[PDB]
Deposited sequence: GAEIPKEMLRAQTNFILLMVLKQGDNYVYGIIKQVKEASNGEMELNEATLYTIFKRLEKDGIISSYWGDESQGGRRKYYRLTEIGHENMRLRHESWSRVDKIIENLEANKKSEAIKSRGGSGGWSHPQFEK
């Protein structure tokens, strides 16, 4: 699997966790590990790298609880996730029709 694809899958998963609710890094790691039956166990440093860039692009933001650091999906990120899920829907029909146009 190309490295760009594994990076894309991890970004996707992380952003989908945040879409379910604001959460903190150890909490994200735990939920991801339970949902993958132990297959995908992320380490702190990978999240911080990814989260630094997403914050820079205005896709997530952070704030303090009560003291843990919580991350949240911003209004733009909910939007990007919608465009992205629609983009990839249009692609899957296009592929369906190619087979149809073949028949």
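Trainee: If you line up the deposited sequence with the model, which stretches have no C-alpha coordinates?
Mentor: Residues missing from the model, as numbered along the full deposited sequence, span 1 to 3, 70 to 74, 112 to 131.
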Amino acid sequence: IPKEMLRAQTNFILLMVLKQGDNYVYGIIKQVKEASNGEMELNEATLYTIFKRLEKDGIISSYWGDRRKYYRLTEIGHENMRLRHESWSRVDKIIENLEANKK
From here on, numbers count along this sequence of modelled residues.
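Trainee: Check the entry's C-alpha temperature factors for 80 to 88 and 18 to 26, then say which stretch has the higher mean.
Mentor: The stretch with the larger mean CA B-factor is 80 to 88.
Trainee: On average, which has the higher Cα B-factor in the deposited entry, 93 to 101 or 1 to 9?
Mentor: Averaging CA B-factors over each stretch, the winner is 93 to 101.
Trainee: Take the CA temperature factors straight from the PDB entry and tell me which of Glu41, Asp66, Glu44, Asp57 peaks.
Mentor: Top of the list by C-alpha B-factor: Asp66.
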